[PDB]
Asks: 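Sharing a structure with you now.
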Amino acid sequence: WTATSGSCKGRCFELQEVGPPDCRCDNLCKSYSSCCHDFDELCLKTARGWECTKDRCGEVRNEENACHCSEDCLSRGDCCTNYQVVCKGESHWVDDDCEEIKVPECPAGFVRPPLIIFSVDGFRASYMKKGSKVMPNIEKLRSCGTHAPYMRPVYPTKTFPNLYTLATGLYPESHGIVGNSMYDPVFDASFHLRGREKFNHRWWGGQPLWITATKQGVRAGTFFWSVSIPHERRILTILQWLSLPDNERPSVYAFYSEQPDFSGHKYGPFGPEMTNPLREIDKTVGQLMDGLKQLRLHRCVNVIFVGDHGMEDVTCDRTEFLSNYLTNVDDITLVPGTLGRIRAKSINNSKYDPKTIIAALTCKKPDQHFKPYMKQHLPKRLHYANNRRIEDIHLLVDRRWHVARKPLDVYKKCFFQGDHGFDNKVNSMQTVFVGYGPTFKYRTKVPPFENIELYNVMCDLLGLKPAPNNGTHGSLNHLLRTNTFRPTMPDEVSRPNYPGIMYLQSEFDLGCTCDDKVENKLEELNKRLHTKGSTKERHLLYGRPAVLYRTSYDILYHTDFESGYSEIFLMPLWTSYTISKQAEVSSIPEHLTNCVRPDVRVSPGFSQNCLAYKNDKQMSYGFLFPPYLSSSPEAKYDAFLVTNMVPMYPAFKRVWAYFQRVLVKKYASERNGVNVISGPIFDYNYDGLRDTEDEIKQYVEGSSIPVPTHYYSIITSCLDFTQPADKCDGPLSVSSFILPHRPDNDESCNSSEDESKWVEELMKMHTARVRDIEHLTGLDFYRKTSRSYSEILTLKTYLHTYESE
Ligand SMILES: *[C@@H]1O[C@H](CO)[C@@H](O[C@@H]2O[C@H](CO)[C@@H](O[C@@H]3O[C@H](CO[C@H]4O[C@H](CO)[C@@H](O)[C@H](O[C@H]5O[C@H](CO)[C@@H](O)[C@H](O)[C@@H]5O[C@H]5O[C@H](CO)[C@@H](O)[C@H](O)[C@@H]5O)[C@@H]4O)[C@@H](O)[C@H](O[C@H]4O[C@H](CO)[C@@H](O)[C@H](O)[C@@H]4O[C@H]4O[C@H](CO)[C@@H](O)[C@H](O)[C@@H]4O)[C@@H]3O)[C@H](O)[C@H]2NC(C)=O)[C@H](O)[C@H]1NC(C)=O
Ligand SMILES: Cc1nnn(Cc2cc(C(F)(F)F)ccc2CCC(=O)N2CCN(C(=O)c3ccc(S(N)(=O)=O)cc3)CC2)n1
Ligand SMILES: [Ca+2]
Ligand SMILES: [Ca+2]
Ligand SMILES: [Cl-]
Ligand code: NA
Ligand code: NA
Ligand SMILES: [Zn+2]
């Protein structure tokens, strides 16, 4: 119930929300059907439109008009945005030359530069260049301020997940808004775009920017706008809030536009009808900037121009139907479109089986345009599993396509020509970032970055401490003139042991053998030097990784590689080695094919054993430092130490062997040497965070040897490829991956072919940031370089995407 007989008189666009049954006058009142009876009359005036004209200049004030051109309008704060241009001989902001803003130039009483976030729905990255001739105000923001060529959204590339990620710095799995549509099985409730359940705060996790501000004494504009409030009234409302008295005035504001998304769904991303929505959004930016110029705020406010996601070509005819794969299609519920999510239609059906649904959806048609996954098997870069609202069965849909349950879902609903939602590395899903103002840099291009990083920066711009989030604070310091956040490296928690030779061969009873009994004072002192770390500067280029949790581990040195060996997990946490451009690949010799050797620095009780692998008929083994890349026949023996062995399914060894024998050398030839750090990952609860020992669900049969869920590698070289990886003076270049450790290659539909046709394609799909690996291992990389810490933080957030330009 609402008692709509109250009045909005002196309350239009009030900032404090009033509680039912009292009637509302705020920018969301329409969306709840709760505005007072006179809200349209008083708060949504339209008389005489949005622009002054010559005849109106100097007019006697008429309170009915939408905006004013009377002499008193500047002091009331309610002039039309073009007033000074039409009536006082001023220029539009867009016609003024850009001039560096070295310091804030703010009116008296302003405690800090305000922040205005100008957000645009469906604004694809390439619009900034392709539309530049029809967007002069936006082009001036971009060219004069700080811009990225694009900004990466979060998966799924939908509106509700992305806007809430911008507001919170969190992945959707953590903030809870995992799609525009959701079922929560604990609540037994459904969230939808239409309807009232979406207003309940139980859906919305984390802490959004407006709340962070309010809790720390920084006042905020209300961010959400009811759809029927025209854009011109949204801008006038912001400008009026900026004329409030000092103690009442917000410091942070948001504008939102439904365009160009609305038209892009109808016409496609580059349909000829798309020019006009782009012109109109530019004209709105012009109104805002002219308005700021009138208030003497155009060299005081920080403005962010930012989008939620892009837009791809998609038509009804490019739809895959589950009714062409499943016998049982009426027993499932599908969340459809540019991603699929599947669950049982009834919880009382004990004949529902996820394994049979997955198998019926796997590599069944030659050009199949989606791929099924259990959520824990999705690329770790998507960070899309740790939430009860994400269904166990997921379909990753190819760009340009849809999935649906049955054909009648598609014509009892062609209309549309664009859509979005796909994998967040897809080029057409990329969106926009520009920052303009005293706190941003002047005429500066920055590299692409992820939208999860912006919350921290917005907090920096306002002097706020961020709530705990998924950004890496400091990684965007290169965007800012001042207000940078200067973090310190985390402290190492566990220090390593440095064991010497402590065990005789006969103390081991591991069931392993090796043909190594083959026998010199020159070379003996030399090999002793290698075991004490004489080559470590060659193979450990950026310091040892720091261990950020409590554990017991040993540093082990060798001619060709260095490792950090866990006494708890019975294997390395990390293994580090450098391969020059000139390095040679060799075979595993015939006599050494099944060789495994006890390590006389490590006790039998803290070693793996070969008998466990013999008896586990599903499990084999591989090596972290590859025997193929040994520096000499004599050094190759080190690669068969028991302390370099890890458990590997035979199907996974196909992938791993090809990476180590072929691809490492290819990268060294292409990048002028590479440093490689490889290791295991254990994430059985799919939370993106290092598992403790008591979370491990699978062991090599009959043993305490834990089975990794994934294997990583971090591959680093010199950004200036004229210098070799091991003699680099300047910035670094990195690519990394997190490969799923699976007992089949069912993910790769062409796996019966030679590895040259499918392995690298798999690895590209499972591309990763160094930061992703840090979360999954409790390790901290790049501790000893010549580079500034903020530069290293940027490096750790880089993702190699393998998309063309
Ligand atoms: C990205 O950034 C985020 C933010 O930093 C990272 O997320 C944090 O990770 C922590 C570890 O997973 C986690 O810490 C836990 O918090 C528990 C209390 O949480 C409540 O309070 C906080 C603070 O206000 C709040 O944010 C939480 O919000 C979650 O839950 C509500 C609904 O309840 C949602 O609306 C909201 O969206 C959010 O959901 C997300 O997180 C939860 C987990 O909290 C998931 O289950 C959801 O799927 C979703 O992803 C809560 O309101 C606290 O109780 C935990 O402590 C347990 O573990 C410790 C180990 O040290 C143990 O000592 C304790 O005893 C305790 O165990 C007991 O409970 C167990 C479970 O019942 C039981 O089995 C035991 O036997 C014990 O009884 C823990 O400290 C922190 O909450 C989140 N924060 C957020 C916002 O998500 C995220 O990891 C980053 N991602 C990456 C990849 O880096
Ligand atoms: C979601 C979300 N999370 N946080 N925010 C705030 C936020 C955060 C940021 C930011 F600063 F973070 F960038 C910038 C801007 C905002 C305000 C967003 C806003 O005003 N809404 C946009 C999304 N909307 C819709 O898509 C929509 C369409 C149609 C119907 S209907 N008429 O069919 O019912 C309802 C809803 C409604 C308006 N929005
Ligand atoms: Ca959107
Ligand atoms: Ca985990
Ligand atoms: Cl109403
Ligand atoms: Na075996
Ligand atoms: Na296959
Ligand atoms: Zn859309």
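In each ligand, atom 1 is the first atom listed, and ligand 1 is the first ligand listed. Residues: numbered from 1 along the sequence shown. The analysis underlying the following values was restricted to heavy atoms, covering all of them including side chains, and did not include hydrogens, waters or symmetry mates.
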Asks: So, of the N/O/S atoms that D121 has, which is the nearest one to the Ca ion (ligand 3)?
Replies: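 Among the N, O or S atoms of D121, the one closest to the Ca ion (ligand 3) is OD1.
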
Asks: Apply the disulfide bond (SG atoms under 2.5 Å apart) test between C35 and each candidate in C29, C23, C8; give the one that qualifies.
Replies: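 With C35 as partner, disulfide bond (SG atoms under 2.5 Å apart) holds for just one option, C29.
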
Asks: Using a strict threshold of under 4.0 Å (side-chain N to carboxylate O), is an ion pair present between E14 and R11?
Replies: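 Answer for the salt bridge query: yes.
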
Asks: State which residue, out of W656, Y712, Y649, fulfils the ring pair (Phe, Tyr, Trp, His ring centres under 6.0 Å) condition with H741.
Replies: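 By the ring pair (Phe, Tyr, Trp, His ring centres under 6.0 Å) criterion, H741 pairs with just one of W656, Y712, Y649: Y649.
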
Asks: Is the distance from the Na ion (ligand 7) to some N, O or S atom of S748 under 3.0 Å?
Replies: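 Yes, since at least one N, O or S atom of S748 sits under 3.0 Å from the Na ion (ligand 7).
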
Asks: Verify the distance test for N745 against the Na ion (ligand 7): any N/O/S atom under 3.0 Å, yes or no.
Replies: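 So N745 counts as coordinating the Na ion (ligand 7), yes.
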
Asks: Relative to the Ca ion (ligand 3), which of the N, O or S atoms in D308 is the closest?
Replies: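 Going through the N, O and S atoms of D308 one by one, OD2 ends up nearest to the Ca ion (ligand 3).
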
Asks: For the pair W204 and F160, name the ring-plane relationship: parallel under 30°, tilted 30 to 60°, perpendicular over 60°.
Replies: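 Plane angle between 30° and 60°, so tilted.
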
Asks: Rounding to 10°, state the angle centred on the Ca ion (ligand 3) that links NE2 in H309 with OG1 in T159.
Replies: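 Here the angle at the metal atom is close to 100°, to 10°.
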
Asks: Given 3.5 Å as the limit, does a donor-acceptor pair link the side chain of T222 with the main chain of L15, or not?
Replies: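 Side chain of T222 to backbone of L15: no pair is present.
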
